[PDB]
Amino acid sequence: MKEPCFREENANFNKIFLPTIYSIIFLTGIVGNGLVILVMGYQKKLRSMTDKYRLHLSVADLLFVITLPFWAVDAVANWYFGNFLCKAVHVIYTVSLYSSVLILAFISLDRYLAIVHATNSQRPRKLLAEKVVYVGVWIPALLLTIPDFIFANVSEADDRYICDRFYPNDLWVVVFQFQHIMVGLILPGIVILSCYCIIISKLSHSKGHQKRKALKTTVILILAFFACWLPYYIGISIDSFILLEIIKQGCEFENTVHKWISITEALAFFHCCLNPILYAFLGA
Amino acid sequence: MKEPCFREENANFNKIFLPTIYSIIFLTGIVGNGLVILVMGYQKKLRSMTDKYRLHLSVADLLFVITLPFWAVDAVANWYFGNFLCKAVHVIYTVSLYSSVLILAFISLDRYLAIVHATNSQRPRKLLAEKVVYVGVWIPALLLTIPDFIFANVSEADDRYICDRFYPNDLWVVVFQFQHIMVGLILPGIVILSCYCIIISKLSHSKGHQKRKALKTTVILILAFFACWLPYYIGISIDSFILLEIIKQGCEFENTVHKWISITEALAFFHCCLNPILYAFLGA
Amino acid sequence: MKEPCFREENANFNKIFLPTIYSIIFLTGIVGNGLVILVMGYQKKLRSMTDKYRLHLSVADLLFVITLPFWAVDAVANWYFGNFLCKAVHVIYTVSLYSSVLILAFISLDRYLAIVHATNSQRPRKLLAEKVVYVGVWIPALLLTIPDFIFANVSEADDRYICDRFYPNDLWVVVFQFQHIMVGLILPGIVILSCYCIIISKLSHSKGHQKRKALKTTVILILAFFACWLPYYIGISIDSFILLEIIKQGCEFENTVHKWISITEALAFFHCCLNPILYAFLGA
Amino acid sequence: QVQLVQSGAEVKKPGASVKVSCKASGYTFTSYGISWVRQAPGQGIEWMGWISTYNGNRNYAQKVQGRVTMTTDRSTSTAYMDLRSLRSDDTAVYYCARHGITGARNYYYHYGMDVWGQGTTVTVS
Amino acid sequence: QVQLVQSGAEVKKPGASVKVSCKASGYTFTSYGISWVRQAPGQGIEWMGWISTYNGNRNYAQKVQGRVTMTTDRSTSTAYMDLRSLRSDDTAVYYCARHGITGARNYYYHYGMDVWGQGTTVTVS
Amino acid sequence: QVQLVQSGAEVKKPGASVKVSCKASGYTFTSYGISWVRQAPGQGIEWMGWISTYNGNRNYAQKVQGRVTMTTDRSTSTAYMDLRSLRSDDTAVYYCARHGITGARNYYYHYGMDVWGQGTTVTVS
Amino acid sequence: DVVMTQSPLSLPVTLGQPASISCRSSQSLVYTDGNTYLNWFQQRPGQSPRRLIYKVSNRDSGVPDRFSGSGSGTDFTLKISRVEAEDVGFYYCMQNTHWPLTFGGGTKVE
Amino acid sequence: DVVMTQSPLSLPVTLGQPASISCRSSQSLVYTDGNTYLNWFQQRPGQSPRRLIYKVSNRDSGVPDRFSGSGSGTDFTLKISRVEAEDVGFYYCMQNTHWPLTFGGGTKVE
Amino acid sequence: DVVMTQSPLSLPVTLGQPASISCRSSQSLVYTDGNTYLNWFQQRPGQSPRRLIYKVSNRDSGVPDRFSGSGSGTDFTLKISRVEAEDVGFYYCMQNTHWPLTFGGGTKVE
Ligand SMILES: CC(C)CCC[C@@H](C)[C@H]1CC[C@H]2[C@@H]3CC=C4C[C@@H](O)CC[C@]4(C)[C@H]3CC[C@]12C
Ligand SMILES: CC(C)CCC[C@@H](C)[C@H]1CC[C@H]2[C@@H]3CC=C4C[C@@H](O)CC[C@]4(C)[C@H]3CC[C@]12C
Ligand SMILES: CC(C)CCC[C@@H](C)[C@H]1CC[C@H]2[C@@H]3CC=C4C[C@@H](O)CC[C@]4(C)[C@H]3CC[C@]12C
Ligand SMILES: CC(C)CCC[C@@H](C)[C@H]1CC[C@H]2[C@@H]3CC=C4C[C@@H](O)CC[C@]4(C)[C@H]3CC[C@]12C
Ligand SMILES: CC(C)CCC[C@@H](C)[C@H]1CC[C@H]2[C@@H]3CC=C4C[C@@H](O)CC[C@]4(C)[C@H]3CC[C@]12C
Ligand SMILES: CC(C)CCC[C@@H](C)[C@H]1CC[C@H]2[C@@H]3CC=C4C[C@@H](O)CC[C@]4(C)[C@H]3CC[C@]12C
């Protein structure tokens, strides 16, 4: 029941910024993920507990990377791939990042189990890496895409086909944004924070050199994860709050936060291409 | 005796940019500093020369990190903590960064003494790490906050309480800015530059593997320190120069440099959260 | 045969951004390059195959770094060094980056020869590092500067001397931009991509620990190289395309791409100061 | 195919209120806004207002603001426009036109003006 | 409490000069600028100028610029406004109002207009 | 030294066309644009158009646009200005002035207006 | 806000030769991205207006080749290369770049 | 620069019922951050002007609840819910958003 | 676009004392970088115009010290500290900040 103002964005800057970031991410992710997949699955033919997690993470990152050219084309020019490809691209994009973040949390939990009390950790670790991982990371990721699989379709306006997500009301958008941010940030973030601290608290009892290596590594991992993800989720959260009509600063702030969300969503994709560097320490 | 123009800044962008950077720095700094304090002081109960420097640096970084939520609240909303809390926050903020940079210089000097001539370096190193460090880093840091302890108070304007630093004239502002930049940049920077170069010049005489590790590490440290600190001090220096009426390009340049100083001051706080990663090589 | 629009740029932002980036690059590059030159050439007096490549790369980076103060002065104030110094600075700037990128490619090729088939790689490696490297990297770099040595001169306009590159027509500019991007990006990039992948494909046959170190290192190198170079070349390519009158979005896009090229050209110089950190793993 | 159907012609007394209905069929009703426009006899086509039919942020024109309301219904996929303070010059032909595009990530207003309704005429005496 | 006290009423001949003093007490004088304003008999309140009392970058109004000066004093915490080229229409009531906020990191101008002085009247004949 | 030389005076009938040539010597012809300007008898100097002599993006003025063309030649280092639809008021003195700077990385327009040609006069009867 | 005038108000044309109708806006109808939005509507009597060309110089599917538009900046026009007996009706030009939208005056073809 | 007019110039009101005074600016008094600054001053005869409400619809401490302001964009007004015998004086509305500041015309309450 | 007026149109001056000529622009001639471009031209009869001062208050090499300019914002002027017998001619002030350029009206010195 208020005056609508439509979004205005820097299209000229986006048309140059999105393709180059997408190209960098595509090249680096293809290189790293293909190399690690070739190293782990194709040649070893005998995998340990951590190798399966690495392979799952690499598969998720490659699945995310595959859809990047479609996003680049959409950013540069009109959508030219049809409704079915729009749905498939959206589904893959939603699945891949959820899978990657849940694999991050699962790797953290496996390290917790393996490091603190390893005397009786054989059976739980084996069961977690064999059976629980599937129903933990892949099934919920597939289930959460039903709204994406249903409500995503291409719209015809003038000449420009629009591959967008259409929701019948703002409530649907809000509930889905809150669920996305809640899961993705809160759950794995809390798991990692309550995990690594206890791990290196227990390490310092009798080991003198592994403790400093772990202190350096966990801080690196936490810094990278948070610097990649926090601004995007902060933008989404404040956008949801202003969509709930509890934040009223006008709507120039709304255009500013929309630009912030777009730029940070473009930037946050570096996680997929940067994961293979971070998690090359698993076997030691 | 000239036309005053008041500052105009991108409040909408700042209200989103400052909270997220502050949140990232707060999380990473709390994690790393708490972990290193727990590792060093709480559990070891027997410290070497480098461990004391690490503990001092961690304490300084934690002291800086503690005040971050107040800055975030001030950036987002009005000041709501009173005059005494304003003074205390300003004092802690001024103390912590001075302490951290002087500890950086002292660690560099200790490495110089320990590496070049270690045959007769026992007594000077022990004395420097036992007695000299206090009167070197902590006492001057406390003494330099007397202007901050005196001239910082909250101002009432309309409804908005302003936790700011008030100086009776521009000369006081200039003298204090020049002293700040002079000390913080010139002294430790010159110490580190004239230190590490001589260290690795002496290393290459008879060692073949430590030399390349040191060449990689000192360059990493120098690059991180300079990339963190130089733009902020450059902005402060040119602001002081234009305040001295020796730089006259109008005052659109003045608004631009004020925005640059604000953004770079927000960005330069990454040093506190990034120190624990850099200085995990001290014991080897 | 169309309406000309002249470039409009953010001079106020550039006058602060270029000096600080140039200062950071100058300090870091001088430090690192001087230290590595002192380590390798001045003291060793007996060099292996990789040390010669390191020395060549360091010399190229130092040559690039030397000209930075002239660029900083030109960005801040008017050109005050004359025609001959303008020509010399342009020639050194054109030579240094070509030399560095070709040395990157040559190091990659040497690693390819040394790692995959080292049984019969003695003579080709020795010949490549002794004779071929000169006519490979230095001679073409010198030859490509003839247009720079001829067409670069200072222009007098009002009071401001302009150290710029003057071409009699747009075709000359286009042909030279296409040749620059083609060589610099396509050739070494393809060499590195087709090189490192095969290297680590062959490593995994019988080695278990070197494979993960190489997988981490090659990904680091590729990510750094591409993140440094791709946006600049993308800007140059799209500028050439819009100069060929096959891209017609107005010319606000033209001002935006010119600003993008300027900023990215300022940012891409970090490669020279960051090379000594990346390539400290050559001897192992 | 996509189409918009309006109601029948109406005659009303001055000072009364009128309700006009616009049923849209053949496409997703919750992805495009609806603009109501008027054509007076012997006068150019003049805009009055627009309703987004998705978050319902209606917007008016100063000539008509304060005397008109717009209300949508997703279940019936219909748009209703109520006009009060009826005057002598309000006798005209009202059209219901699809205007703008609304989505989660695309909320512009220059993509539309394609399909029009059959148009309903109202007179006063 | 915070207050501003001005000088007494004055009568002057045309072409002379007048000095008006404004003593501020109860707060830090070097944190808020001072604006001098005039109220003419049977006319709206009209602004003339502002002095920052901190860096002394005074600013004027085109109606009065070229014939007025403003000078502050931190030790006595007083503001002085000298007016020359006195005319017949300059008979009015002058007020000294706190305006704007000045600080090391806060130098805005929309935080003020709170407290006024007692106001001094000057006449010409 | 740097100089610009124009052609001789000309007399023409109404409705004809005129060609004026401007030879620039002493400097690089492909680094500065050329602006053609007119001075009428008893009237201020009035601009008509500019040619970049480097990429040839000429630009005109609405008073003259549609009846004038500009063409450069690098080999002879000359600028030509053809005027058609000749009228009675076109009798005036035309000047060829160096204007603006053009380069690979510097393409501004506020650096120039330094050197003028000798100026050629054309009359109609 | 933007006001337009159409020229001519009335254009009687004999069957068999092309015709033109020109309208100019108050200000430049160029959006931030460099694109321009202006469409032309034909209304036969008793019918709802029909969208001939949507973006300037671009026509929809399902109309003859005779209609074609051209223009830029502030000046836009539509030319019919051949007048047919079924091309009689009212013609309007409207812009959708600024809020709110504005229609044209209206041109009658006889 | 900004010019204002107050309405009405003179508002005689009988004791016991509310009254209203409205003033509109030449342009929109919205700053870059989305906030708006406009205050209302009451001047009793022989006294200095008193600041009733500082930011539009926000009043200072120490004044009765009877005064209240409302408005946005270009149009602002102040309503007194009940007229008391001590509410006689001049009323002005001024803005502090652009340099320089401008006062209102002045309204007398009888 | 920018229009200028020169004052005075005709300035007869006796030899031996300084003179002044002032011109003001329609709008502020300040570019984005804070610099201003305005030059003054002297044209002797039968000769091409000569560039006395290129940027306001800055003169070229090869002219006497008598000419000097000053001004800012919208108001600019040129003062000749001493009138010599060879300083007779037309004077113009032109700006090169906006496209297109505009010349001055023209001042005659007698
Ligand atoms: C419609 C889309 C989103 C469906 C995507 C499903 C496909 C791509 C996913 C679903 C579950 C995934 C599998 C999950 C577990 C493993 C075991 C691992 O050791 C190798 C990869 C492998 C075999 C994955 C390959 C990719 C996979 C089959
Ligand atoms: C994706 C973008 C926006 C954020 C990238 C943030 C991460 C990837 C960056 C931010 C700070 C960086 C760290 C800064 C300092 C060091 C110390 C050095 O001895 C090893 C690398 C290490 C540990 C860096 C690794 C990469 C790092 C953690
Ligand atoms: C008013 C504020 C700024 C005063 C801050 C003073 C406090 C927080 C500082 C001053 C000196 C500091 C101490 C200096 C030296 C050491 C020895 C070290 O092995 C453990 C920490 C410890 C014990 C520090 C703890 C923090 C400390 C006590
Ligand atoms: C705080 C922000 C603005 C600046 C951060 C700069 C520092 C932290 C960044 C800039 C360049 C980075 C370096 C770039 C390349 C390498 C090589 C790699 O094999 C180890 C990490 C290392 C050495 C990085 C460590 C972090 C680093 C030094
Ligand atoms: C006009 C400018 C560009 C000419 C630059 C040429 C000079 C600076 C370059 C050309 C070839 C270069 C040499 C190429 C090879 C070697 C061998 C190496 O083991 C030490 C450095 C050394 C000796 C280089 C020093 C710098 C050098 C001499
Ligand atoms: C020059 C600017 C614009 C781009 C800099 C990009 C390069 C230098 C940065 C981008 C991402 C960075 C990497 C991010 C994460 C890690 C993991 C850590 O355990 C070692 C360092 C390492 C491998 C960093 C090295 C430096 C790095 C590769």
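Quick note: the coordinates plus some simple rules give every number you see, no bench work behind them. Neighbour counts run over all protein chains shown; Cβ positions are idealised from the backbone, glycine included.
Quick look at the numbers
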quantity: Flag if A:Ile222 is more than 14 Å from ligand 1 (Cβ to nearest atom), of a type in the set (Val, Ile, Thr) and part of a helix (DSSP H, G or I); calculated: yes
quantity: Elements of type helices (runs of 4 or more DSSP H) in region C:14-117, at least 2 residues being more than 19 Å from the chain's Cα centre (by Cα) and of a type in the set (A, V, I, L, M, F, W, C); calculated: C:68-76, C:82-116
quantity: Test: A:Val89 is surrounded by fewer than 18 Cβ atoms within 10 Å (Cβ to Cβ), more than 16 Å from ligand 6 (Cβ to nearest atom) and not aromatic (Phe, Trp, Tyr); calculated: no
quantity: Any hit, region A:186-207, residues being touching a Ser or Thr at 6+ places or on another chain (Cβ under 6 Å), free of Cβ contacts under 8 Å to residues at least 12 places away in the same chain and more than 16 Å from ligand 1 (Cβ to nearest atom); calculated: no
quantity: Neighbours by Cβ (under 7 Å, 6+ apart or cross-chain): first from region B:131-151, under 17 Å from B:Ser108 (Cβ atoms); second of a type in the set (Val, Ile, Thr) and surrounded by 15 or more Cβ atoms within 10 Å (Cβ to Cβ); calculated: B:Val137/B:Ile103
quantity: Meets criteria (assigned to a loop (DSSP other than H, G, I, E, B) and either among the β-branched types (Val, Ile, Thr) or within 16 Å of ligand 1 (Cβ to nearest atom) (or both)) for A:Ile247; calculated: yes
quantity: Number of the condition not met by C:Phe6 [criteria: (1) in a loop (DSSP other than H, G, I, E, B); (2) in contact (Cβ under 8 Å) with a residue 24 or more places away in the chain]; calculated: (2)
quantity: Given (1) touching a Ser or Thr at 6+ places or on another chain (Cβ under 7 Å); (2) over 30 Å from B:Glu9 (Cα atoms), number of the condition H:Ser61 does not satisfy; calculated: (1)
quantity: Matching residues in region B:147-203 - criterion: being under 24 Å from B:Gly82 (Cβ atoms) and away from chain E (no Cβ under 14 Å); calculated: B:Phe149
quantity: Checking B:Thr218 against (1) away from chain I (no Cβ under 14 Å); (2) more than 16 Å from ligand 4 (Cβ to nearest atom), the condition it does not meet; calculated: (2)
quantity: Criterion: away from chain B (no Cβ under 14 Å), acidic (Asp, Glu) and within 12 Å of the chain's Cα centre (by Cα) - qualifying residue of I:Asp75, I:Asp60, I:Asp1; calculated: I:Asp75
quantity: Region F:78-115 - residue that is among the small types (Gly, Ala, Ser) and within 11 Å of chain C (Cβ to nearest Cβ) and, of those, surrounded by the most Cβ atoms within 10 Å (Cβ to Cβ); calculated: F:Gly100
quantity: Criterion violated by D:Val37 - all others in (1) touching a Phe, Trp or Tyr at 6+ places or on another chain (Cβ under 8 Å); (2) part of a strand (DSSP E or B); (3) within 14 Å of chain A (Cβ to nearest Cβ) satisfied; calculated: (3)
quantity: Conditions (1) in contact with a strand residue (DSSP E or B) (Cβ under 7 Å, 6 or more places away or on another chain); (2) aromatic (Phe, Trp, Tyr); (3) without any contact (Cβ under 8 Å) to a residue 40 or more places away in the chain: number failed by B:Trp79; calculated: (3)
quantity: Unmet requirement for H:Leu29, which otherwise passes all of (1) within 30 Å of E:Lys63 (Cβ to Cβ); (2) among the hydrophobic types (A, V, I, L, M, F, W, C); (3) assigned to a loop (DSSP other than H, G, I, E, B); (4) away from chain A (no Cβ under 14 Å); calculated: (4)
quantity: Single match in C:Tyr279, C:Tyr232 (criterion: in contact with a helix residue (DSSP H, G or I) (Cβ under 6 Å, 6 or more places away or on another chain), buried (at least 17 other Cβ atoms within 10 Å of the Cβ) and of a type in the set (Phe, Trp, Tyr)); calculated: C:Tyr232
quantity: Verdict on A:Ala88 being more than 16 Å from ligand 5 (Cβ to nearest atom) and touching a residue at least 60 places away in the same chain (Cβ under 8 Å); calculated: no
quantity: Total residues in region B:58-114, condition within 16 Å of ligand 4 (Cβ to nearest atom) and in contact with a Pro (Cβ under 7 Å, 6 or more places away or on another chain); calculated: 2
quantity: Residues (in contact (Cβ under 8 Å) with a residue 24 or more places away in the chain, more than 22 Å from C:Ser23 (Cβ to Cβ) and either facing chain B (nearest Cβ under 8 Å) or within 16 Å of ligand 5 (Cβ to nearest atom) (or both)) located in region C:267-283; calculated: C:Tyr279, C:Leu282, C:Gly283
quantity: Residue match in region B:70-81 (condition: more than 30 Å from B:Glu252 (Cα to Cα) and surrounded by fewer than 17 Cβ atoms within 10 Å (Cβ to Cβ)); calculated: yes
quantity: Condition check for B:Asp148: among the acidic types (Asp, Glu) and away from ligand 3 (no atom under 16 Å from the Cβ); calculated: no
quantity: Considering residues of region E:40-63 that are away from chain B (no Cβ under 14 Å) and in a loop (DSSP other than H, G, I, E, B) only, the residue surrounded by the fewest Cβ atoms within 10 Å (Cβ to Cβ); calculated: E:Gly42
quantity: The one condition in (1) within 24 Å of A:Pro4 (Cβ to Cβ); (2) facing another protein chain (nearest Cβ under 8 Å); (3) without any contact (Cβ under 8 Å) to a residue 24 or more places away in the chain; (4) not hydroxyl-bearing (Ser, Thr, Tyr) that D:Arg67 fails to fulfil; calculated: (2)
quantity: Selected residue [within 10 Å of another protein chain (Cβ to nearest Cβ), among the polar types (S, T, N, Q) and buried (at least 17 other Cβ atoms within 10 Å of the Cβ)] from A:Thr94, A:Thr50, A:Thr28; calculated: A:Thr28
quantity: Residues of region B:263-284 that turn out to be within 14 Å of ligand 2 (Cβ to nearest atom) and over 15 Å from A:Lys216 (Cα atoms), as a count; calculated: 5
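Yes/no per residue for (1) touching a strand residue (DSSP E or B) at 6+ places or on another chain (Cβ under 8 Å); (2) closer than 30 Å to A:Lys15 by Cα; (3) within 14 Å of chain H (Cβ to nearest Cβ):
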residue	(1), (2), (3)
A:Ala214	no, no, no
A:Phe225	no, yes, no
A:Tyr233	no, yes, no
A:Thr256	no, yes, yes
A:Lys259	no, yes, no
